[PDB]
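Bear in mind these aren't lab numbers, they're just calculated from the coordinates by the rules spelled out. Don't worry about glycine lacking a Cβ; one is built from the backbone with ideal geometry, like all the others, and counts go over all protein chains shown.
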There are 4 protein chains.
Amino acid sequence: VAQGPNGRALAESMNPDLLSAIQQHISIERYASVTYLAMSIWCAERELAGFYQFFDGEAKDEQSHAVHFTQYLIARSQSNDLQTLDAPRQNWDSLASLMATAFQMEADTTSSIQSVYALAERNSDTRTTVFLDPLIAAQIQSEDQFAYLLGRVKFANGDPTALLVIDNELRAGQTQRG
Amino acid sequence: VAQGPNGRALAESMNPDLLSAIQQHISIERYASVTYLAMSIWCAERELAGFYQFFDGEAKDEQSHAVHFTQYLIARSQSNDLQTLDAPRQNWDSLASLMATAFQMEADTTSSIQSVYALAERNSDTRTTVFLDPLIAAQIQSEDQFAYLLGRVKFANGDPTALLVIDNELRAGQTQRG
Amino acid sequence: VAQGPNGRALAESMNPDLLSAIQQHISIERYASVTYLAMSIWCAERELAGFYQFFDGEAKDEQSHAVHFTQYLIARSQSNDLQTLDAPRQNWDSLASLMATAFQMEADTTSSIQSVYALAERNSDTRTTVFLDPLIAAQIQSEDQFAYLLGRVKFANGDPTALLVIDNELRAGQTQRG
Amino acid sequence: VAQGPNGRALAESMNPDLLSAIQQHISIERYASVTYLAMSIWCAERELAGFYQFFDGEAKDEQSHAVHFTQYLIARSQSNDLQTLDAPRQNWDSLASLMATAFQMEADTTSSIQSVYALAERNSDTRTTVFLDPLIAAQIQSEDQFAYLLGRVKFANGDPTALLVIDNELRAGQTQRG
Ligand SMILES: [Cl-]
Ligand SMILES: [Cl-]
Ligand SMILES: [Cl-]
Ligand SMILES: [Cl-]
Ligand SMILES: [Cl-]
Ligand SMILES: [Cl-]
Ligand SMILES: [Cl-]
Ligand SMILES: [Cl-]
Ligand code: NA
Ligand code: NA
Ligand code: NA
Ligand code: NA
Ligand code: NA
Ligand code: NA
Ligand code: NA
Ligand code: NA
Ligand code: NA
């Protein structure tokens, strides 16, 4: 029995390019987390309490997704490498603009997973494509969700009354098409 | 065992300046109470039933805070001196203007406590700073709350529809960022 | 009514030095969080599942403490400024060495709060000293806790059997003197 | 409607190489089962009752996994071919050595599935890759589990006290990082 780079028994070696890609993806999700935290603060600063609560939860959920990846590396007997985290964006001119960045962030998170997925396929790492499959499924749901929130906010067309209505929807947990 | 000015056994004498400051602070909170009553009436007069209910409760709560201070003086064996209460403001041009006065009233209430706090520190009255600590903590929450209500009302920008939505929020007990 | 730097109604201006100190303290706690995450990974890599679970929870709790500070700034109508997060330490020669760093991290977190506290006292910011008081109280408990965990691990003197026993204690939630 | 080789209606023909690979994989899992039975006996012979119980359950679970594959062949209207089963290994010099073989057995089971998976991809048999996906997911968990058990036993470094502690963990059902 061989030992992996993190010292645990090694079921199957991992290509160093694939390892690096996963470690960077973990950074992407950690960065998405602090971005959603930044977005929650922006919403709180404008009394959009429902949006604040929503993004506070998204930040915690994205961090969980990141930790889920660190557990996979542990499971594969690979080393983790927790990286420097950039500061998030913190200023937006409108809620519509914030939601556009949020949607883009979710889509970019999926692109990162897709990048890791294709590397794993090239390396015939079937453990990793299997591991990623449900995360892609969740990303589809999140993209559908954030398209819904962005589109609904854009439909409001900057009217405060409509944005207060949506804010209250979010506070109630009405965050998807359902 | 010595007797305090109110006739009870005296654990520790209180500086007369500090006593006067507390007695005046009690007046401040009694005045905040009748102000919130005035504000509840203004809201009722305009069918803003949620705001009416909110301010009716604030008036009762502020009175309780005032009585809490009278109990402290009793506990310190100091005399109370319930003072003349000025008439409150009773006219505003808009709900936004009313909420501005309400926010200012809460902040001014905190300033009064801060004034008492600094006097107690000068007099090394640790009973009094300890007694005031949780009241300052509550004031932070109230300031955060009234900033939320004021900001949300200002966001409405005088639109009746938005103000009816917020009114209904208040009736439901949705009065903070949460 | 004046507006604070984050745009909300301003109950009382905050000195920019104090603001900066709080913003940096938020970074300290965010850094403590990712450090505990790093520590949880190290423990998982060595099959110390109880220590892994403990530090996984500490990481989430420290993040919550950080967010609690961001809410205070919101409450004070001050701007947040979420900063770059350094990479954590990730390598230790022994569990005893890891626990030493963990203890030091908790103590350094308290020192940071103490630094903010003294600045607030200089500025007579009683809202902030009151806000910090329960956090200092929690830090005392955490320091007592981490002294217990470190001392118990040191008592084991590197014996694997003893460390497995303690590991199982941690998995069960036995993490303090009780 | 055509009939498959086992006589049932045939939804889609299967390449004979892929069929043979699955039939041999069934043998692999049947062999893993009897190996874990052998391992349970070795542990029972040395009064390691927790390890005995663990491996007794693993043997039954591995047999279930094997039968799950036979059901897939039935579902695909393909013939099963239950093969001669070799005798398992039955002697080890230490629990650490036994656990090394167990870990290797789990990893080799995954390699067999990976081999079948790649054959199915070459044959564009999407039913089979889909069928295998959750089994690969389970194998990741089992590899993580057996790395944990092996690493924990190795950490004990042959000390009977530590091995008794771990034995009791296994009897309680504490068999993973959790
Ligand atoms: Cl908008
Ligand atoms: Cl951006
Ligand atoms: Cl208005
Ligand atoms: Cl006025
Ligand atoms: Cl140690
Ligand atoms: Cl260090
Ligand atoms: Cl051994
Ligand atoms: Cl062998
Ligand atoms: Na902001
Ligand atoms: Na980054
Ligand atoms: Na009136
Ligand atoms: Na008065
Ligand atoms: Na490590
Ligand atoms: Na940092
Ligand atoms: Na204090
Ligand atoms: Na035997
Ligand atoms: Na065989």
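Could you list, in sequence order, all residues of the stretch B:81-95 that are under 30 Å from B:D159 (Cβ atoms) and either within 13 Å of another protein chain (Cβ to nearest Cβ) or part of a loop (DSSP other than H, G, I, E, B) (or both)?
Just the residues of the stretch B:81-95 that are under 30 Å from B:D159 (Cβ atoms), to begin with: B:88-95.
B:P88, B:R89, B:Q90, B:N91, B:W92, B:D93, B:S94, listed by residue number.
Residues in the stretch B:1-23 that are free of Cβ contacts under 8 Å to residues at least 12 places away in the same chain, over 17 Å from B:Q83 (Cα atoms) and surrounded by 11 or more Cβ atoms within 10 Å (Cβ to Cβ): how many? Full working, then the answer.
As a first pass, look at the stretch B:1-23 and keep what is free of Cβ contacts under 8 Å to residues at least 12 places away in the same chain: B:1-2, B:13, B:16, B:20.
If we keep only those that are over 17 Å from B:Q83 (Cα atoms) too, we end up with B:1-2, B:13.
Still in the running and surrounded by 11 or more Cβ atoms within 10 Å (Cβ to Cβ): B:13.
Selection size over the stretch B:1-23: 1.
This table checks each residue for (1) more than 30 Å from C:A9 (Cα to Cα); (2) touching a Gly at 6+ places or on another chain (Cβ under 7 Å); (3) more than 16 Å from ligand 9 (Cβ to nearest atom).
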position	(1), (2), (3)
A:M14	yes, no, yes
A:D17	yes, no, yes
A:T35	no, no, no
A:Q53	no, yes, yes
A:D61	yes, no, yes
A:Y72	yes, no, yes
A:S79	yes, no, yes
Checklist entry - Given C:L98, C:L132, C:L119, which one is more than 8 Å from every other protein chain (Cβ to nearest Cβ), under 29 Å from D:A147 (Cβ atoms) and part of a helix (DSSP H, G or I)? => result C:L98
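Specify which of the listed residues (C:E62, C:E58) is acidic (D, E) and within 17 Å of C:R152 (Cβ to Cβ).
Details: C:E62 fails: within 17 Å of C:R152 (Cβ to Cβ).
Just one listed residue meets the conditions, C:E58.
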Checklist outcome for this item: Residue pairs within 6 Å by beta carbon, gap of at least six or interchain, first lying in the stretch B:81-93 and of a type in the set (D, E), second more than 16 Å from ligand 11 (Cβ to nearest atom) and not in a loop (DSSP other than H, G, I, E, B), listed first then second, are B:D81/B:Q23
Next on the checklist: So D:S115 passes all but one of these: (1) without any contact (Cβ under 8 Å) to a residue 24 or more places away in the chain; (2) farther than 30 Å from C:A172 by Cβ; (3) of a type in the set (G, A, S). Which condition number does it fail?
Outcome noted: (1)
Next on the checklist: Condition first: touching a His at 6+ places or on another chain (Cβ under 9 Å) and either within 16 Å of ligand 8 (Cβ to nearest atom) or assigned to a helix (DSSP H, G or I) (or both). Can you find one or more residues in the stretch C:138-152 that meet it?
Outcome noted: yes
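Which of the residues belonging to the stretch C:10-60 are in a helix (DSSP H, G or I), farther than 30 Å from D:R177 by Cβ and among the small types (G, A, S)?
Step one: list which residues in the stretch C:10-60 are in a helix (DSSP H, G or I), which gives C:16-45, C:49-60.
Among the residues that remain, those that are also farther than 30 Å from D:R177 by Cβ are: C:16-27.
Passing the criteria: C:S20, C:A21, C:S27.
Kindly indicate whether A:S94 is over 16 Å from the mean Cα position of the chain (by Cα) and within 16 Å of ligand 13 (Cβ to nearest atom).
Working: over 16 Å from the mean Cα position of the chain (by Cα): yes; within 16 Å of ligand 13 (Cβ to nearest atom): no.
Here the answer is no, as A:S94 does not meet what is asked.
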Next on the checklist: Given the options B:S142, B:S124, B:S94, name the one that is out of contact with any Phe, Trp or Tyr (no Cβ under 8 Å at 6 or more places or on another chain), hydroxyl-bearing (S, T, Y), surrounded by fewer than 14 Cβ atoms within 10 Å (Cβ to Cβ) and within 27 Å of B:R46 (Cα to Cα).
Outcome noted: B:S94
Checklist entry - crowded, with 23+ Cβ neighbours inside 10 Å and of a type in the set (V, I, T), is that true of C:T84? => result no
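Just one of D:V67, D:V116 is more than 29 Å from A:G7 (Cβ to Cβ) and surrounded by 21 or more Cβ atoms within 10 Å (Cβ to Cβ); which is it? Steps first, answer last, please.
Working: D:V67 fails: surrounded by 21 or more Cβ atoms within 10 Å (Cβ to Cβ).
After ruling out the rest, the residue left standing is D:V116.
Could you go through the stretch D:70-79 and let me know if any residue there is within 25 Å of D:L163 (Cα to Cα) and either away from ligand 17 (no atom under 16 Å from the Cβ) or surrounded by fewer than 20 Cβ atoms within 10 Å (Cβ to Cβ) (or both).
Our first condition is that a residue be within 25 Å of D:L163 (Cα to Cα); within the stretch D:70-79, this holds for none.
Within the stretch D:70-79, none of the residues are within 25 Å of D:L163 (Cα to Cα) and either away from ligand 17 (no atom under 16 Å from the Cβ) or surrounded by fewer than 20 Cβ atoms within 10 Å (Cβ to Cβ) (or both).
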Checklist entry - Could you give every pair whose Cβ atoms fall below 6 Å, whose first residue belongs to the stretch B:33-48 and is closer than 18 Å to B:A162 by Cα, and whose second residue is among the aromatic types (F, W, Y) and in a helix (DSSP H, G or I), counting only separations of at least 6 or pairs across chains? => result B:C43/B:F51; B:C43/B:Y52; B:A44/B:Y52
Checklist entry - C:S77 is checked against (1) outside any loop (DSSP other than H, G, I, E, B); (2) within 14 Å of chain B (Cβ to nearest Cβ) and fails just one. What number does that condition carry? => result (1)
Checklist entry - Among the residues of the stretch C:36-74, how many are under 16 Å from the mean Cα position of the chain (by Cα), within 30 Å of D:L150 (Cα to Cα) and more than 9 Å from every other protein chain (Cβ to nearest Cβ)? => result 6
Checklist entry - Do you know which of the residues in the stretch D:156-178 that are exposed (fewer than 13 other Cβ atoms within 10 Å of the Cβ) and in a loop (DSSP other than H, G, I, E, B) is farthest from the other protein chains (Cβ to nearest Cβ)? => result D:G173
